[PDB]
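The structure under discussion appears below in the form of structure tokens.
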Amino acid sequence: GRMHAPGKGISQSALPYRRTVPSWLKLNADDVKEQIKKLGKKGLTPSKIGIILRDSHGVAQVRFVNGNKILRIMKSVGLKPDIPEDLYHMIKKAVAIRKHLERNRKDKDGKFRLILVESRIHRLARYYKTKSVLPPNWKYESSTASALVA
Amino acid sequence: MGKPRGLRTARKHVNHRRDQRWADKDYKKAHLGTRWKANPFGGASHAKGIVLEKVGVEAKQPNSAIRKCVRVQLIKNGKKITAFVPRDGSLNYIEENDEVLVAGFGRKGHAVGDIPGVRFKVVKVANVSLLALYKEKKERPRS
Amino acid sequence: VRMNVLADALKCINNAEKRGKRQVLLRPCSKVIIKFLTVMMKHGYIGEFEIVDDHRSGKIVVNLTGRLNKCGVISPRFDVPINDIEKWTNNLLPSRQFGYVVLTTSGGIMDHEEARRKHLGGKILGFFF
RNA sequence: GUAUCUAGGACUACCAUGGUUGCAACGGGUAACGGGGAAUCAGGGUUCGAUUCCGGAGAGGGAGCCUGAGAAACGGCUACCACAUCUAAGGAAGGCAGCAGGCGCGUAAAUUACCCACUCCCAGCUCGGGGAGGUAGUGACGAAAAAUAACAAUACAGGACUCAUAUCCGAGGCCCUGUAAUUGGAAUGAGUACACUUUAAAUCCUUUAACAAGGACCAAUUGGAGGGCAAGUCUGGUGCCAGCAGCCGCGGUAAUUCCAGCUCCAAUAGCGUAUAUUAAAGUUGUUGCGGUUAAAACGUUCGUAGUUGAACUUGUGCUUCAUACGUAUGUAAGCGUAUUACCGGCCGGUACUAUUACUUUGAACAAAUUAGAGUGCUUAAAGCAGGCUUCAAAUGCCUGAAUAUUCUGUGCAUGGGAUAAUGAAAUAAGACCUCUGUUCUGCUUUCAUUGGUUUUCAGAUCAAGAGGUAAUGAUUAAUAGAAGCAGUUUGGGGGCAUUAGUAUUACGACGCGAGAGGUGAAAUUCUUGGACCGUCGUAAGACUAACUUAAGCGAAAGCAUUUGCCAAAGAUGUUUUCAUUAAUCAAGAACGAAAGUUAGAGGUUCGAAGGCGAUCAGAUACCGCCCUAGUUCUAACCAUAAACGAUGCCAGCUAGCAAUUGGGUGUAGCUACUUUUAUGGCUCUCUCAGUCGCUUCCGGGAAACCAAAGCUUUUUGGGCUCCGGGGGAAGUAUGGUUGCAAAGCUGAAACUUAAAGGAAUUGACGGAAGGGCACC
RNA sequence: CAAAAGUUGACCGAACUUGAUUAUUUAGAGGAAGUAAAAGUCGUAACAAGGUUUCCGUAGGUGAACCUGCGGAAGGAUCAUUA
RNA sequence: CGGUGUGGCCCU
């Protein structure tokens, strides 16, 4: 495991058995359907949208109170933007490569790390190219790394 | 640790044979096409040659032996051939510059005994059956 | 990566009785695998096997009686017609007496002598003795 | 559009700018006609198959073409070209890879025969004709069959036998057993030749009158005989000579291998040679090995083409009977449901179905050969013949000439619904079985014939309901993976500012005295007044010790002053998100200390090379003294190292024990005082990633060693890639390709060699460690 | 009416003569490696600590074997405590 | 801790 790495390490969540509890939660799936209309309209990513509901209210799992995945909860009220979220963190992480290595070169350890997220785009973006979540003839270009994220 | 047990893989899996046929150094004996090159009489069984001269070879160490060897020319390809006579005597059965048949030496092409650089053995001379001349079955024609 | 979910499940059973593990903790509850452990019980090779199901995959507990020698697997699923099943006996079994290779044809999963009476050609998954 | 019998870039013209490929395309190379097929064992085979069968081709080199239905024909013609024909010199003729011959050639191969009886064919044809086809002479290439004597007492030796007698011993001995040029009896058919037969005629085979063995004849060897590998340590000869001999090795004067004789053996009408080929050889391997080191992982990480991929996606039952034997269950129906729509008597016909891969029964599809069912050609190898109260007539029926594998394959039916993917319903089809239109495309019938005129019908398809019953339509998030994160963070990882620490190097100045340095020893070098020394001080560049670990970070090379900066990764934390985004990988793109070059800096220690002293026989070296390339940092450029843990990477299980890194967590812990506390430290407990070490297989190996190098055992299987088949030829040539160069990715061959090495045991209480002894 | 010779246009194209091009062969004065090397001469590298410890990527040099410098490795002779 | 090179080829 751990593709770009030597480690065998493993870190994740741990979902419980049942799919309805919290049943003691007086909160429904409907006010959180407004909360994504309230909070997710402020530009937040689908991961961190799902982290503010856990700590604050706190609903343990929105998959138990509502059936749809949260991008569909973005979409069914119209909050799915043009760009998928996780590469949008990578390309921002990719654009910080062309901010550190534009002037401070010789960092061939850092210049190793460009080859990761370019590959970690191009293997990853090939998957989303197929799934019709962004069209083909979408080619990542080097000058586009600034404006895709900004 | 390796070998390609995928099912739909066979197009790899006979290219990867032939890419390693000429590693097995006893399998280029006909495959590269060199039997017309340097098996010094041309890839047939034996050689209707002509006697050139009796040469003074010496055996390999620690064996000071003198095998009393001969020189041969061939009418098939015209090169220089060094052969060897058995059964002590028979240099008086040579009668040099004779149309001689010469076979191999029984190792599929290497120096066998203590005898270096001689990759043949005689079996016939002058079309008159060299073998039965010591036991005097056939009368040897002299002239 | 878990390449073949069949074969990895088989070998840890063989990696139990050598140090004498009478029990097996086993993963991950596929229905092709549930069609296979009872064939051992159909000739009484192992003990009681049970399956808890988490809502990811499920996992299997297997008790063992200790009568096995080795269960095996040919990989991948070679296609075998009827007239050439006997080739896979002598190369895989100690003798014609006991032991059982197990293929699966279009009718289901069975023994080879079961298949030698059912007469339908199919694909090898594994073998045991 | 032309031609062509016809498709057609066949080919002209006009037009478009394409077919093809790392799923090895185009290019060359083959001592390569394909194929039916042939030879060897347990399969899988690797070799070949010119050559009677089939098919495609050529008649010297090539090319046109007449005639005909049919040739680009050659036992038809034409050209030229090659090599040869004759001629009165003006002309004419030529292909045997048809048959039999020679010649040449090369290891390499038959009568200048007979016959149309067979089989087929030719036409005007029952009739003619056919070196097709048949037969013979040729032939140890082969395959099959099978003569070298058989029998007799005595005999001569062994034994049983009866028995004397038994550590002895013989005789009655003797079915036997041998040797017997003892004695035979002589059993015989090859040779032999009437006649016969078969044949076109003839021979030959079968039949056969007359012939036919005391061997000397009617006569078998060929090779061995040290071990492999079967069987004289017999003799003569010979003396490392001659030889022998596949290999191991025998011959160097008393030879088990040589030369002879002797006996013994081998297989036997066959033995031998050499030469290619398969088996032996599980030393070309999927089955079926190897990679720690015995030959052997690209140093490296990503990375497409490759190739392999999780799980999840209609069934157990329930009742009965056929049915094993009260019992069983392996049987079919009913029953948790397209078990399809209709007409028929449960039962025929008809409406009428997401695919593949796979497998099912098949279909089609020459034999011949292989296997082979039958079968007493005298037997066999054959071959498909023949069998038959018939015995006194034969009317005497038939069996036949099967059956599948190589008649592999692809594709063309059918069974089946496991496996293996593919396949809907998320810018919206959820459906309407349908009276169905709120579309329109009509479409052919009756309007006897026919349409202007329009409806039924709408065969119907395309809008179309608010005829919207619609659980109306979205698999789990994998101890798969990726992204997320008050997050707590970690580290000699990087970059980049800025900064510290002694030495040392001279220098500067004081002090004092002649020594200093260096060695096994000296010497090369420094020094009169000021070295070395003490001392402060100025720079100066390199290095960042100690703290340094069987620590850690990094992908590997590598990577240690502070502190700020600018990042990036790993790990735990996570009832975050995502929905297989995967693993590994040819080609390929980033990175790899020096050594080492390309200009431009900056110069301290040191320092190949170069000089000099010793040492030595020589030193061009091991030791010194001096500096020179350069290490230094900036810009790049090769890209190789023993780049090593001499072991690639990812999934799983299997054993502890002890350390320790981080992160968590529990102290039902102390300690710290800011206070008992608090943050904080340590200790214990638990925990994941481990990594080290140790333990013993109880695993595995040839062993040392190994927790994975194990699970590659059972002639075994979790994936994917390179990569080795004995040495030395050799990491050399030859070209390409790359480098400014020194050089690299790349990599053979004739030749030559029977061993080079892998760990281990033993000889070294052979200037090598540790301990003890005499005036060798 | 049919109709020879002679021949225009082509049309396919034999063979003739240059040039380039494919592999297999081939001479070659000197040049430079390999093994045969054993009765040769000069040394003594490596193997014990081989008497200067070995060993590889490369540089520079001497008759050679090798030596020498920078960066490493244990096939090393150190699995090593040493408060 | 001073040096020290060489041993013609073949004999169960």
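In the structure tokens, each chain is lettered A, B, ... as it comes, each chain's residues begin at 1, and ligands are numbered from 1 in order of appearance.
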
Handout entry: Shell of 8 Å around segment 82-88 of chain B, only C-alpha atoms (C1' of nucleotides), local chain residues under 6 positions omitted, as number ranges by chain
Key = B: 67-72, 102, 117-122; D: 242-243

Handout entry: segment 351-364 of chain D surroundings by only C-alpha atoms (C1' of nucleotides), 10 Å radius, close-in-sequence under 5 positions cut, as JSON, numbers by chain
Key = {"C": [78, 79, 80, 81, 82, 105, 106, 119, 120, 121, 122, 123], "D": [340, 341, 342, 412, 413, 414, 415, 416, 419, 420, 421, 422, 423, 424]}

Practice task
Write down, as a ChimeraX atom specification, each residue of chain B that has any atom within 12 Å of an atom of chain F, counting only C-alpha atoms (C1' of nucleotides).
Solution key: /B:61-64

Would you tabulate, counting only C-alpha atoms (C1' of nucleotides), all residues of chain D that have an atom at most 12 Å from an atom of chain C, showing the closest pair of atoms and their distance in Å to one decimal, sorted by chain then ascending number, as JSON lines?
```
{"residue": "D:42", "atom": "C1'", "partner": "C:90", "partner_atom": "CA", "distance": 10.8}
{"residue": "D:43", "atom": "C1'", "partner": "C:87", "partner_atom": "CA", "distance": 8.8}
{"residue": "D:44", "atom": "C1'", "partner": "C:87", "partner_atom": "CA", "distance": 11.4}
{"residue": "D:286", "atom": "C1'", "partner": "C:75", "partner_atom": "CA", "distance": 11.1}
{"residue": "D:287", "atom": "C1'", "partner": "C:91", "partner_atom": "CA", "distance": 8.5}
{"residue": "D:288", "atom": "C1'", "partner": "C:91", "partner_atom": "CA", "distance": 12.0}
{"residue": "D:308", "atom": "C1'", "partner": "C:3", "partner_atom": "CA", "distance": 7.7}
{"residue": "D:309", "atom": "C1'", "partner": "C:3", "partner_atom": "CA", "distance": 5.7}
{"residue": "D:310", "atom": "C1'", "partner": "C:2", "partner_atom": "CA", "distance": 6.2}
{"residue": "D:311", "atom": "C1'", "partner": "C:57", "partner_atom": "CA", "distance": 5.7}
{"residue": "D:312", "atom": "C1'", "partner": "C:30", "partner_atom": "CA", "distance": 7.8}
{"residue": "D:313", "atom": "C1'", "partner": "C:31", "partner_atom": "CA", "distance": 11.0}
{"residue": "D:330", "atom": "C1'", "partner": "C:114", "partner_atom": "CA", "distance": 10.8}
{"residue": "D:357", "atom": "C1'", "partner": "C:79", "partner_atom": "CA", "distance": 10.2}
{"residue": "D:358", "atom": "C1'", "partner": "C:79", "partner_atom": "CA", "distance": 6.9}
{"residue": "D:359", "atom": "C1'", "partner": "C:121", "partner_atom": "CA", "distance": 5.3}
{"residue": "D:360", "atom": "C1'", "partner": "C:120", "partner_atom": "CA", "distance": 6.4}
{"residue": "D:361", "atom": "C1'", "partner": "C:120", "partner_atom": "CA", "distance": 10.3}
{"residue": "D:415", "atom": "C1'", "partner": "C:120", "partner_atom": "CA", "distance": 10.0}
{"residue": "D:416", "atom": "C1'", "partner": "C:106", "partner_atom": "CA", "distance": 5.7}
{"residue": "D:417", "atom": "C1'", "partner": "C:106", "partner_atom": "CA", "distance": 5.7}
{"residue": "D:418", "atom": "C1'", "partner": "C:108", "partner_atom": "CA", "distance": 4.4}
{"residue": "D:419", "atom": "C1'", "partner": "C:104", "partner_atom": "CA", "distance": 7.1}
{"residue": "D:420", "atom": "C1'", "partner": "C:77", "partner_atom": "CA", "distance": 8.8}
{"residue": "D:475", "atom": "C1'", "partner": "C:56", "partner_atom": "CA", "distance": 10.5}
{"residue": "D:476", "atom": "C1'", "partner": "C:56", "partner_atom": "CA", "distance": 5.2}
{"residue": "D:477", "atom": "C1'", "partner": "C:56", "partner_atom": "CA", "distance": 6.9}
{"residue": "D:478", "atom": "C1'", "partner": "C:56", "partner_atom": "CA", "distance": 6.4}
{"residue": "D:479", "atom": "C1'", "partner": "C:27", "partner_atom": "CA", "distance": 10.4}
{"residue": "D:480", "atom": "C1'", "partner": "C:1", "partner_atom": "CA", "distance": 6.8}
{"residue": "D:481", "atom": "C1'", "partner": "C:1", "partner_atom": "CA", "distance": 9.7}
{"residue": "D:580", "atom": "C1'", "partner": "C:1", "partner_atom": "CA", "distance": 11.8}
{"residue": "D:582", "atom": "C1'", "partner": "C:1", "partner_atom": "CA", "distance": 7.4}
{"residue": "D:583", "atom": "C1'", "partner": "C:1", "partner_atom": "CA", "distance": 5.8}
{"residue": "D:584", "atom": "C1'", "partner": "C:1", "partner_atom": "CA", "distance": 10.5}
{"residue": "D:650", "atom": "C1'", "partner": "C:1", "partner_atom": "CA", "distance": 5.9}
{"residue": "D:651", "atom": "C1'", "partner": "C:1", "partner_atom": "CA", "distance": 4.2}
{"residue": "D:652", "atom": "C1'", "partner": "C:8", "partner_atom": "CA", "distance": 6.2}
{"residue": "D:653", "atom": "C1'", "partner": "C:12", "partner_atom": "CA", "distance": 5.1}
{"residue": "D:654", "atom": "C1'", "partner": "C:15", "partner_atom": "CA", "distance": 6.3}
{"residue": "D:655", "atom": "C1'", "partner": "C:19", "partner_atom": "CA", "distance": 10.0}
{"residue": "D:697", "atom": "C1'", "partner": "C:19", "partner_atom": "CA", "distance": 10.4}
{"residue": "D:698", "atom": "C1'", "partner": "C:19", "partner_atom": "CA", "distance": 8.0}
{"residue": "D:699", "atom": "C1'", "partner": "C:18", "partner_atom": "CA", "distance": 9.6}
{"residue": "D:710", "atom": "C1'", "partner": "C:15", "partner_atom": "CA", "distance": 11.1}
{"residue": "D:711", "atom": "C1'", "partner": "C:15", "partner_atom": "CA", "distance": 7.1}
{"residue": "D:713", "atom": "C1'", "partner": "C:70", "partner_atom": "CA", "distance": 9.2}
{"residue": "D:714", "atom": "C1'", "partner": "C:94", "partner_atom": "CA", "distance": 7.2}
{"residue": "D:715", "atom": "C1'", "partner": "C:91", "partner_atom": "CA", "distance": 8.2}
{"residue": "D:716", "atom": "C1'", "partner": "C:92", "partner_atom": "CA", "distance": 8.5}
{"residue": "D:717", "atom": "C1'", "partner": "C:74", "partner_atom": "CA", "distance": 5.2}
{"residue": "D:718", "atom": "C1'", "partner": "C:8", "partner_atom": "CA", "distance": 6.3}
{"residue": "D:719", "atom": "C1'", "partner": "C:3", "partner_atom": "CA", "distance": 6.4}
{"residue": "D:720", "atom": "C1'", "partner": "C:3", "partner_atom": "CA", "distance": 11.0}
```

Exercise for the section: Excluding residue 45 of chain B and residues on its chain fewer than 3 positions from it, collect all residues at most 12 Å away from it, counting only C-alpha atoms (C1' of nucleotides), and give them as a ChimeraX atom specification. Expected result: /B:35,39-42,48,101-106,108,120 /D:107-108,273-276

Written selection (C-alpha atoms (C1' of nucleotides)) as a PDB file, in the first residue's frame:
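Ended up saving to result01.pdb:
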```pdb
ATOM      1  CA  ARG B  35      27.362 -25.243 -40.723  1.00  0.00           C
ATOM      2  CA  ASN B  39      32.910 -27.015 -39.798  1.00  0.00           C
ATOM      3  CA  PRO B  40      36.011 -27.250 -41.957  1.00  0.00           C
ATOM      4  CA  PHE B  41      34.562 -29.674 -44.465  1.00  0.00           C
ATOM      5  CA  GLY B  42      31.185 -28.506 -45.536  1.00  0.00           C
ATOM      6  CA  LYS B  48      36.632 -37.125 -50.343  1.00  0.00           C
ATOM      7  CA  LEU B 101      37.846 -40.221 -47.573  1.00  0.00           C
ATOM      8  CA  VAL B 102      37.908 -38.696 -44.090  1.00  0.00           C
ATOM      9  CA  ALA B 103      35.207 -38.858 -41.409  1.00  0.00           C
ATOM     10  CA  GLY B 104      34.891 -37.058 -38.092  1.00  0.00           C
ATOM     11  CA  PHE B 105      36.426 -37.861 -34.738  1.00  0.00           C
ATOM     12  CA  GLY B 106      33.517 -38.680 -32.461  1.00  0.00           C
ATOM     13  CA  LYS B 108      30.645 -33.674 -32.407  1.00  0.00           C
ATOM     14  CA  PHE B 120      38.823 -35.897 -37.803  1.00  0.00           C
TER      15      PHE B 120
ATOM     16  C1'   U D 107      30.410 -38.856 -49.364  1.00  0.00           C
ATOM     17  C1'   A D 108      25.630 -39.625 -52.535  1.00  0.00           C
ATOM     18  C1'   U D 273      32.199 -46.039 -38.606  1.00  0.00           C
ATOM     19  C1'   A D 274      31.362 -41.026 -38.795  1.00  0.00           C
ATOM     20  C1'   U D 275      27.330 -37.335 -39.360  1.00  0.00           C
ATOM     21  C1'   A D 276      22.831 -34.510 -38.226  1.00  0.00           C
TER      22        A D 276
END
```

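If you count only C-alpha atoms (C1' of nucleotides) and ignore residues fewer than 4 places along the chain from residue 141 of chain B, what sits within 12 Å of it is residues 93, 94, 95, 98, 125, 126, 127, 128, 129, 130 and 133 of chain B.
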
Exercise for the section: List every residue of segment 4-110 of chain B that DSSP, applied to the backbone, labels as helix (DSSP H, G or I), and write the result as JSON, numbers by chain. Expected result: {"B": [15, 16, 17, 18, 21, 22, 23]}
